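Encoded as structure tokens, the structure appears first; notes follow it.
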Amino acid sequence: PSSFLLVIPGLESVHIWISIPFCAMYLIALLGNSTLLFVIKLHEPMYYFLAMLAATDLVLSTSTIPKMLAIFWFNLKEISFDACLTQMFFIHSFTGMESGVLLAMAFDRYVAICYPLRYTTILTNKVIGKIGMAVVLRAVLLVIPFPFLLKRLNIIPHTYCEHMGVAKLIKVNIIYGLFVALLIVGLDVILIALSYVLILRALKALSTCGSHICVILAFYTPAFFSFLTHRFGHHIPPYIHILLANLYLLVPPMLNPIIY
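Letter 150 of the sequence shown, counting from 1, is numbered 256 in the numbering used here, and no numbers are missing.
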């Protein structure tokens, strides 16, 4: 096909009033990430990982809001196929990178707490760069097959091209979609838990790790809520499902810069 006609389907009567929270959240996220990157322009590995997280988060947020805002305001609901594939790949790759960055931050905190005297000699600008490149390469490689698999095979009740939503237009893609979740997100939980049990097994030094727990709580718990509502949420009408997905995707960009 040439174009896709995107469509909150239940609340089709009033649409201007719904766009105010999304516009405000996008502006807040953009301003916070811009300030966080500007302040660095503090040369410590943890701050490097924080900067990478902020940059990836900002680029992810800027790739979904404008289409939704345009649909809400200008009622221009046509998206080219190439744009849909690009948006899908960008969204999924940036979610994977964000998870990888969180894992790297946890590792840095562990190596700081358990080895306070060998913290600099172990983490070297070269090794940190290699770790970051490895995380980016893993995310890109694991996100690269999705557009190809979809292109191997016209109304979307959503606001952006989601792979699960687009795939409804079956029994094979879901296996890989579940495998990738338990490789870049499922393994992050295990490694973070193992890096926290080891730290606690080892007071002021334990309070520096407090801010990093809030980010995990604000980024993982919405994911668990979305997973539960995407597997047992049948009685709820679809517009609630759309609002919940948008909120779960958008509020971590709002919360992250305000915490750090």
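C-beta: ideal position from N, C-alpha, C; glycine also.
The three-state secondary structure of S109, taken from DSSP, is strand.
Annotation: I171 to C129 spans about 8 Å, alpha carbon to alpha carbon. Rounded to the nearest angstrom, the gap between the Cα atoms of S125 and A160 is 24 Å. Given a length threshold of 4 residues, each whole run of the alpha helix (DSSP H) inside the stretch 120-155 is given here in chain order: 125-146. Here DSSP, grouped into helix, strand and coil, assigns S169 to coil.
Measuring C-alpha to C-alpha distances from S167 to each of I177, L137, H149, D188 identifies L137 as the nearest.
The continuous beta strand (DSSP E) containing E184 extends over residues 184-186. Each residue's CA atom was taken as its position, placing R258 and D294 some 30 Å apart. Comparing C-alpha distances from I365 to each of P328, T327, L353, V321 shows the shortest one belongs to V321. Contact between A212 and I298 is confirmed by a C-beta separation of about 5 Å, below the 8 Å threshold. If one requires a minimum length of 4 residues, the alpha helix (DSSP H) runs lying completely within the stretch 271-314 are 279-290, 292-307, 310-313, in chain order. Exclusion of the five residues before and after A273 leaves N279 as the residues of its chain whose Cβ lies within less than 6 Å of its Cβ. According to DSSP, residue pairing for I261 in a beta bridge involves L111. Per DSSP, the unbroken alpha helix (DSSP H) holding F325 starts and ends at 316-335. For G339, the three-state secondary structure derived from DSSP is coil. Per DSSP, the unbroken alpha helix (DSSP H) holding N352 starts and ends at 344-365. Within the model, the alpha-carbon separation for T327 versus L353 is close to 12 Å. Segment contact: the stretch 250-270 against the stretch 189-208, three or more CB-CB distances shorter than 8 Å; contact assigned. Counting other Cβ atoms within 10 Å of its Cβ, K173 reaches 16 or more and is therefore classed as buried.
In the three-state scheme derived from DSSP, where H, G and I count as helix and E and B as strand, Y225 is classed as helix.
For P253, the enclosing alpha helix (DSSP H) covers residues 251-258.
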